[PDB]
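Contents: one structure, followed by commentary.
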Amino acid sequence: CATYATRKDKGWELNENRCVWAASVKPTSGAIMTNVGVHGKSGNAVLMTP
Amino acid sequence: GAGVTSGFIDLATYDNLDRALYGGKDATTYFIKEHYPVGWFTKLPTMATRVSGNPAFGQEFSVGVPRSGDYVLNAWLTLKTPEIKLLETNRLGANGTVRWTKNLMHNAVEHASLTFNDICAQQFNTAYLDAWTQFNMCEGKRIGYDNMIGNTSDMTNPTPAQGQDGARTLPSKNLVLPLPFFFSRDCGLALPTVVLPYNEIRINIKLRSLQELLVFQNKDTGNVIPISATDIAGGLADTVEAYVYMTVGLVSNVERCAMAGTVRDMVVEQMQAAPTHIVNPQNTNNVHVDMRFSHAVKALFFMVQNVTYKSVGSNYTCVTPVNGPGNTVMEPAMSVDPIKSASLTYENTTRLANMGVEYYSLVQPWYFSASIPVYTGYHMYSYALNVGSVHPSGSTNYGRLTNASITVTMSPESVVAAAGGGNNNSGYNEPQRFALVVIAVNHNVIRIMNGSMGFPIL
Amino acid sequence: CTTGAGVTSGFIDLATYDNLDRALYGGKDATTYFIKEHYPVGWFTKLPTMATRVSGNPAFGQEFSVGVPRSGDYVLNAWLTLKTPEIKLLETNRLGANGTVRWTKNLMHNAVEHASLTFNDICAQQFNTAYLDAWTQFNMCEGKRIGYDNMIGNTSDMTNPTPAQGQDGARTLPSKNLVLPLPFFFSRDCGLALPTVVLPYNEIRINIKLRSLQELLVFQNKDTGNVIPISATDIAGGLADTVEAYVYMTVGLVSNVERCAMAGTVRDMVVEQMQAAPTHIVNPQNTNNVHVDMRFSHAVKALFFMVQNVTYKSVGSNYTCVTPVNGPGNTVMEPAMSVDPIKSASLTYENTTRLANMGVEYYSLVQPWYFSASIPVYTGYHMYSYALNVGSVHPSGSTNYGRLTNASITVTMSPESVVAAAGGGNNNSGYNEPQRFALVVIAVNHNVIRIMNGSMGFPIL
Amino acid sequence: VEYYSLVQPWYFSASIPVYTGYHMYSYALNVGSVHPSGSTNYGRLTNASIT
Amino acid sequence: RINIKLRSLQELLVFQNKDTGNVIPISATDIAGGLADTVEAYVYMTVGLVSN
Amino acid sequence: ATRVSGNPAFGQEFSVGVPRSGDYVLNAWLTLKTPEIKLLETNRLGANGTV
């Protein structure tokens, strides 16, 4: 005979249905240096997600 | 000041009730419209093929349906009103005004019929037009309809003689009336002219005499007398200019040949009108009228019309309208529908008891129609859930039903207005006569095969 | 006219064609117009039926109960009819010559409060005047508005003030019957109908409590525009406590092919109920904002909140900040200053404001324009909607309040209401006497009703 | 108010107050009895209100 | 982005002659308080959150 | 809506960007408060003039 008023829940709905939605961030390309160079001469970069 | 993240608690709220209502792998979602292709076609207006006579007042002319069109789905009739000028040589002298009758259209046309070859298919008239327009009018188009058919508060305004203050004349402007037909009821119902190369279709339109189309009112005693040619300037032009237009649609060659040479069945609605019954409230208060209809009836409209003068039309009130201040027409104070109560009898079996007239006036239109009338009278009763729905609903067939009767009990206002004794501009200054009119709307079936059409049940 | 176009003019329009036209139209599986698919429907009939009264004789100011008749497979329409008494003022009234009597605005939707529909002995639905006003002002199908305003009173004849017999206006208020439809879950849509043939073990009953005629009649002062209660000796013929009122319901009969087939099976139906928050008194002189805590159970759909002027019990449906006053021509006119008392409103969940302090015009116009079938034509009638279509029977977006914790609504009042609360106005100004206001909040929620073994109950409760 | 004042003490108490005020609502058949009777706990029950 | 262009207040006020029925453009000195070029205005929109 | 450029004023064009972090945008409206008009007796039209 469980009802809405007598339940032991309330205040925990976020932790229960915490997977209903998520947050989207601004897209960002991954530009990381592969090698720092030899004696400060060479070096190059690679875009992971252009 | 809130932000998108301010929510998410609505989504967090999710219980057994929400599982039952929303959610699910097969559950549909909004914000996504499933698009499906439709047929390729086009439409354009054309005239109707004149094949019989010329339009004139009081005569009947028939116009053919043009061929060489894949589909015809519309029909309207346009007519230009003549010019009316008052003269001091009128029989009423100075105390006399002329004005167009209320609802100029839905008048000047009677017994409008559609015929295959010459076999009658369906037919309508003033009573059915008025009832349909007052019961199934979509709002927003009400002002447009009340403008295109007269009722512009310009034709119905009384105009005094030249010597009086009001010397204005009635303008001559063209008015258009749509023709309610089974092909015009729905887009999916149209005449397959390409499938019907043998049959030929005619529209028979009968005008009305110009004598009863104009109201000649005495502004003092409130009396109406028939008009004559000498009263107005120029004269009564018997001949009138009128045309019929229709929208014809064309289809693609890829599917016209595929659909050519098949068999089709259509469902249409027809109109039946019982003969008018003269009612005399002086003798008694109850009037019984037998109804004889054939097919599966869907709705009934019954009214009592004041038929004292033919000049005034569409007056379903016990008292005729009279003149008022500002060169206008107004309805007198004592003005109620003559019908007080009504009932039905299915062979000595009272289907509906002595219900009040307010029930038919308001409750039935409120529940089983798209509109409620704004005028007195216009009583209806429908066996179907929706009157305007082309798709069939619950209905009863009178072919297998025995004789049925309708009983009406009149009102004390009607019986006291039947006799004269009214004062000046009281409407009932003269004895009044009333006629009960009953019309029915039903269904039928149309079969198309072998380039010809006919009723399978006849 | 001279129409040289002809049928052949459309051949160019038919011939013109491109990739866009190929994507939109065309295709072997594409449906076509001018051909309507027909499908059979059930065989049935409908007819009105008298409802059986089981509680004495109806009278004004009392409660009367009427059962639902059997022998009908479904009931899907209910309305009430009532014949108003004839009212005629007398020169011996308390107000003397300077005094008029008129019927209150919205005579129907008044004198009917807390109307309830009960199964067996369990309260299943219940509505009142505020809900009736809000629903008929928000979900009104245009075209029937004139019929409604002619059938529920406000016919420009019952509401016109009538002076005493010895004055210029000796007209008596006519005694004409009036009808009020009853909005219920089965009456909302044809698809939802009560299976009376399937429920023989429950007594379906309707309880209607009328209102005393003392507060149904407005006794207005001619000059100063004041309202005092009406007494029996003031009007001719006294006050008839008894009155003839009837309830009519429409039944539907169906064939045996399915009326017995559907029996013996568990059926689940979705219905719409009402939850009304307790009324709170507001004094704009002391406070500028008022917070109301709302507690509801099921998935709410809409929230209607209005502030009502409750200075006089005789006048009803007065959501303006200034009471109406008599005007020239024996007619009632809204005073010059008449604006909705609410200046702004906001909604708060927990301590987070889901809705900011938006303007009153938002709820007044924008929300009805987008998520309703009509826009109110009177001041007040503020709405919020969680669903795309309020009037749609099919469920739309809605948030359950059972799992939601305490929620609050904050209303910031208007300076017009603040100054109208204090009196000092001259004659016929409406706010000549001090004004008191009350806040009412109404919510609409979904629910599930299950029919099983010849009885009905709420599986969730 | 007279309901709480008189009817409830008449049925679920051993005495009726002789002074104004003192309104009672008892969930149990006998207030004075030390043996437990019908009663509901407010710990599992979301906050209620008196009007 | 949404771009909105607002006209000047000159083409919004009708200054009609009482009798001859003539219309002339409005001026700053015609009305009290001047002609505030700036205006209080915002743009709102409704967003819809769906399931993950 | 997040303003990105322009100051709302009569006779000028301003641009407002659509806010992010949502999923679907299905509505849009604009609100603006009109000024107060106070005609003066020193107008060019004189007494015979209405604004």
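Chain identifiers are assigned as A, B, and so on, following the order in which chains appear in the structure tokens; residues are numbered from 1 within each chain, and ligands are numbered from 1 in order of appearance.
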
**Item:** Residue neighbourhood stretch 79-96 of chain B, 7 Å, only C-alpha atoms, exclusion window fewer than 3 positions, as a VMD selection string
**Value:** chain B and resid 160 to 162 169 to 176 216 to 220 231 to 233 241 to 243

**Prompt:** Can you tell me, as an NGL selection string, what residues are no more than 9 Å from stretch 40-50 of chain A when counting only C-alpha atoms, ignoring any on the same chain fewer than 3 positions away?
**Reply:** :A and (28-37)

**Prompt:** Which residues of chain A are close to chain C, meaning at most 10 Å apart when you count only C-alpha atoms, and how do they look as a list in words?
**Reply:** residues 1, 2, 3, 4, 5, 7, 9, 10, 11, 12 and 13 of chain A

For those residues, write N, CA and C atoms to a file as a CSV table (one decimal), in the first residue's frame.
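File produced: again.csv:
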chain,number,residue,atom,x,y,z
A,1,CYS,N,0.8,-1.2,0.0
A,1,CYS,CA,0.0,0.0,0.0
A,1,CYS,C,0.9,1.3,0.0
A,2,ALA,N,2.0,1.2,-0.6
A,2,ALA,CA,3.0,2.3,-0.7
A,2,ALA,C,2.4,3.5,-1.4
A,3,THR,N,2.5,4.7,-0.9
A,3,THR,CA,2.0,5.9,-1.5
A,3,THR,C,3.2,6.9,-1.7
A,4,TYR,N,2.9,8.0,-2.3
A,4,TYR,CA,3.9,9.0,-2.5
A,4,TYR,C,4.3,9.7,-1.2
A,5,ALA,N,3.4,9.9,-0.3
A,5,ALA,CA,3.7,10.7,0.9
A,5,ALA,C,4.5,9.9,1.9
A,7,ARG,N,6.8,7.5,1.4
A,7,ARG,CA,8.0,6.8,0.9
A,7,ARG,C,9.2,7.4,1.6
A,9,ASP,N,12.0,7.8,0.1
A,9,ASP,CA,12.8,8.6,-0.9
A,9,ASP,C,12.6,10.1,-0.7
A,10,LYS,N,12.9,10.9,-1.7
A,10,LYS,CA,12.8,12.3,-1.8
A,10,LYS,C,14.2,12.9,-1.3
A,11,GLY,N,14.7,13.8,-2.1
A,11,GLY,CA,16.0,14.3,-2.0
A,11,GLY,C,17.1,13.4,-2.6
A,12,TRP,N,16.7,12.3,-3.1
A,12,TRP,CA,17.7,11.4,-3.7
A,12,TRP,C,17.4,11.1,-5.2
A,13,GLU,N,16.5,11.8,-5.8
A,13,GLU,CA,16.1,11.6,-7.2
A,13,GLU,C,17.3,11.8,-8.1

Can you build me a table of chain A residues sitting at most 8 Å from chain E, with the closest atom pair per residue and its distance in Å to one decimal, using only C-alpha atoms, sorted by chain and residue number, as JSON lines?
{"residue": "A:19", "atom": "CA", "partner": "E:52", "partner_atom": "CA", "distance": 7.1}
{"residue": "A:20", "atom": "CA", "partner": "E:52", "partner_atom": "CA", "distance": 5.4}
{"residue": "A:21", "atom": "CA", "partner": "E:52", "partner_atom": "CA", "distance": 4.7}
{"residue": "A:22", "atom": "CA", "partner": "E:52", "partner_atom": "CA", "distance": 6.7}

**Request:** Tell me the residues of chain B close to chain A, meaning within 10 Å using only C-alpha atoms, as an NGL selection string.
**Result:** :B and (4-5 or 8-15)

Write the residues of the selection above to a file with C-alpha atoms, as a PDB file, in the first residue's frame.
ATOM      1  CA  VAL B   4      19.670  25.421 -18.939  1.00  0.00           C
ATOM      2  CA  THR B   5      21.209  23.525 -16.011  1.00  0.00           C
ATOM      3  CA  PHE B   8      17.433  18.355 -14.938  1.00  0.00           C
ATOM      4  CA  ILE B   9      15.308  17.729 -11.855  1.00  0.00           C
ATOM      5  CA  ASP B  10      12.312  17.220 -14.134  1.00  0.00           C
ATOM      6  CA  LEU B  11      14.282  14.463 -15.862  1.00  0.00           C
ATOM      7  CA  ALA B  12      15.473  13.088 -12.513  1.00  0.00           C
ATOM      8  CA  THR B  13      11.802  12.763 -11.525  1.00  0.00           C
ATOM      9  CA  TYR B  14      10.928   9.386 -13.048  1.00  0.00           C
ATOM     10  CA  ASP B  15       8.677   6.776 -11.415  1.00  0.00           C
TER      11      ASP B  15
END

**Request:** Pick out the residues sitting within 9 Å of residue B:135, and hand them over as a ChimeraX atom specification; count only C-alpha atoms, and ignore anything fewer than 6 positions along from it in its own chain.
**Result:** /B:365,369-373,378,380

**Request:** Could you please tell me, as an MDAnalysis selection string, which residues of chain F have an atom within 10 Å of chain C when using only C-alpha atoms?
**Result:** chainID F and resid 27 29 31

Store the residues of this selection in a file with N, CA, C and O atoms, as a PDB file, in the first residue's frame.
ATOM      1  N   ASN F  27      11.321  27.931 -30.076  1.00  0.00           N
ATOM      2  CA  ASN F  27      10.536  29.138 -29.866  1.00  0.00           C
ATOM      3  C   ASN F  27      11.466  30.342 -29.859  1.00  0.00           C
ATOM      4  O   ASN F  27      12.672  30.214 -29.639  1.00  0.00           O
ATOM      5  N   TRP F  29      10.892  34.902 -29.146  1.00  0.00           N
ATOM      6  CA  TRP F  29      10.099  36.122 -29.131  1.00  0.00           C
ATOM      7  C   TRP F  29      10.952  37.268 -28.609  1.00  0.00           C
ATOM      8  O   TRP F  29      12.012  37.061 -28.014  1.00  0.00           O
ATOM      9  N   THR F  31      10.806  41.168 -26.573  1.00  0.00           N
ATOM     10  CA  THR F  31      10.040  42.050 -25.708  1.00  0.00           C
ATOM     11  C   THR F  31      10.729  43.402 -25.635  1.00  0.00           C
ATOM     12  O   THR F  31      11.962  43.482 -25.639  1.00  0.00           O
TER      13      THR F  31
END

**Request:** Extract, using only C-alpha atoms, all DNA, RNA and protein residues at most 10 Å from stretch 7-19 of chain E, discarding same-chain residues fewer than 4 positions from it, and format them as a ChimeraX atom specification.
**Result:** /E:23-28,30,35-37 /F:9-13,37,45-51

**Message:** Quick check: residues of chain D within 12 Å of chain C, only C-alpha atoms, returned as number ranges by chain.
**Reply:** D: 46-51

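For the atom pair formed by atom CA of residue C:23 and atom CA of residue B:40, the distance is 11.3 Å, given to one decimal.
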
**Request:** Could you give me the residues within stretch 196-337 of chain C that DSSP places in strand (DSSP E or B), as a PyMOL selection string?
**Result:** chain C and resi 204-209+217-220+227+235+242+245-254+267-276+280-282+289-294+299-309+325-327+331-333

**Request:** Write out as a PyMOL selection string every residue belonging to chain F that has an atom at most 10 Å from any atom of chain A, counting only C-alpha atoms.
**Result:** chain F and resi 20-23

Can those selected residues be exported to a file as a tab-separated table (two decimals), in the first residue's frame so that it contains C-alpha atoms?
chain	number	residue	atom	x	y	z
F	20	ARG	CA	24.26	26.77	-26.09
F	21	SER	CA	24.00	23.82	-23.63
F	22	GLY	CA	20.46	23.04	-24.83
F	23	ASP	CA	19.23	20.32	-27.15

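Going from atom CA of residue B:30 to atom CA of residue C:392 covers 14.4 Å.
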
**Request:** Find the residues near residue C:363: any atom within 12 Å, counting only C-alpha atoms, skip ones fewer than 5 places away on the same chain, and give them as a ChimeraX atom specification.
**Result:** /C:138,302-306,342-347,355,357-358,368-372,375-376,379-385

**Request:** Using atom CA of residue F:32 and atom CA of residue C:321 as the two end points, give the distance in Å to one decimal.
**Result:** 25.1 Å

For residue C:81, please output as a short mmCIF file (atom, residue, chain, number, x, y, z; two decimals) with N, CA and C atoms, in the first residue's frame all residues within 8 Å (counting only C-alpha atoms; exclusion window: fewer than 2 positions along the same chain).
data_model
loop_
_atom_site.label_atom_id
_atom_site.label_comp_id
_atom_site.auth_asym_id
_atom_site.auth_seq_id
_atom_site.Cartn_x
_atom_site.Cartn_y
_atom_site.Cartn_z
N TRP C 79 -24.66 17.15 -18.30
CA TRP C 79 -24.91 18.57 -18.12
C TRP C 79 -26.03 18.77 -17.11
N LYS C 83 -33.64 26.30 -13.60
CA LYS C 83 -34.53 27.41 -13.93
C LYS C 83 -34.39 28.47 -12.84
N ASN C 177 -34.44 29.16 -18.05
CA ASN C 177 -33.57 28.05 -17.68
C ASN C 177 -32.19 28.21 -18.31
N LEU C 178 -31.18 27.74 -17.59
CA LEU C 178 -29.79 27.80 -18.02
C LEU C 178 -29.15 26.44 -17.85
N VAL C 179 -28.13 26.18 -18.67
CA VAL C 179 -27.49 24.87 -18.74
C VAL C 179 -25.99 25.03 -18.56
N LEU C 180 -25.40 24.09 -17.83
CA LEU C 180 -23.96 24.06 -17.57
C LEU C 180 -23.42 22.66 -17.83
N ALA C 245 -33.91 21.68 -10.43
CA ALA C 245 -32.67 21.46 -11.16
C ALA C 245 -32.58 20.00 -11.56
N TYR C 246 -32.11 19.75 -12.77
CA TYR C 246 -32.03 18.40 -13.30
C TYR C 246 -30.65 18.15 -13.88
N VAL C 247 -30.29 16.88 -13.96
CA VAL C 247 -29.03 16.44 -14.53
C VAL C 247 -29.34 15.48 -15.67
N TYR C 248 -28.78 15.74 -16.84
CA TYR C 248 -28.97 14.90 -18.01
C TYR C 248 -27.63 14.30 -18.42
#

**Request:** Specify as a ChimeraX atom specification all residues of chain C found within 7 Å of chain B, counting only C-alpha atoms.
**Result:** /C:6-7,10,13-14,24-27,30-36,43-46,142-144,146-147,353-356,399-400,403-404

Mind dumping the selected residues with C-alpha atoms as a PDB file, in the first residue's frame?
ATOM      1  CA  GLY C   6      -7.848  27.138 -70.029  1.00  0.00           C
ATOM      2  CA  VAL C   7      -6.861  23.753 -68.670  1.00  0.00           C
ATOM      3  CA  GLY C  10      -1.163  23.939 -66.035  1.00  0.00           C
ATOM      4  CA  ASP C  13       3.525  23.637 -64.076  1.00  0.00           C
ATOM      5  CA  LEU C  14       3.179  19.860 -64.320  1.00  0.00           C
ATOM      6  CA  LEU C  24       9.584  16.164 -52.001  1.00  0.00           C
ATOM      7  CA  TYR C  25       6.937  14.634 -54.287  1.00  0.00           C
ATOM      8  CA  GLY C  26       6.980  11.550 -56.498  1.00  0.00           C
ATOM      9  CA  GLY C  27       7.815   7.963 -55.706  1.00  0.00           C
ATOM     10  CA  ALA C  30       3.941   8.129 -52.169  1.00  0.00           C
ATOM     11  CA  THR C  31       0.313   8.589 -51.172  1.00  0.00           C
ATOM     12  CA  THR C  32      -1.997  10.790 -53.227  1.00  0.00           C
ATOM     13  CA  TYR C  33      -4.880  13.140 -52.516  1.00  0.00           C
ATOM     14  CA  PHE C  34      -8.276  13.011 -54.292  1.00  0.00           C
ATOM     15  CA  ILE C  35      -8.571   9.421 -52.986  1.00  0.00           C
ATOM     16  CA  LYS C  36      -9.819   8.890 -49.425  1.00  0.00           C
ATOM     17  CA  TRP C  43     -22.215  -0.011 -35.012  1.00  0.00           C
ATOM     18  CA  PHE C  44     -23.734   2.010 -32.174  1.00  0.00           C
ATOM     19  CA  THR C  45     -26.242   4.704 -31.232  1.00  0.00           C
ATOM     20  CA  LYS C  46     -26.596   7.524 -28.715  1.00  0.00           C
ATOM     21  CA  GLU C 142     -13.954  29.934 -30.710  1.00  0.00           C
ATOM     22  CA  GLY C 143     -17.316  30.060 -32.441  1.00  0.00           C
ATOM     23  CA  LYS C 144     -19.070  28.505 -29.456  1.00  0.00           C
ATOM     24  CA  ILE C 146     -21.360  33.260 -27.943  1.00  0.00           C
ATOM     25  CA  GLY C 147     -23.347  30.107 -27.220  1.00  0.00           C
ATOM     26  CA  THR C 353      14.608  29.409  -9.263  1.00  0.00           C
ATOM     27  CA  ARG C 354      13.563  27.506 -12.379  1.00  0.00           C
ATOM     28  CA  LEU C 355      11.685  30.605 -13.577  1.00  0.00           C
ATOM     29  CA  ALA C 356      13.108  34.071 -12.988  1.00  0.00           C
ATOM     30  CA  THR C 399       6.846  16.613 -14.307  1.00  0.00           C
ATOM     31  CA  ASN C 400       5.732  14.392 -11.442  1.00  0.00           C
ATOM     32  CA  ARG C 403       9.195  12.632  -6.296  1.00  0.00           C
ATOM     33  CA  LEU C 404       9.680  16.409  -6.348  1.00  0.00           C
TER      34      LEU C 404
END
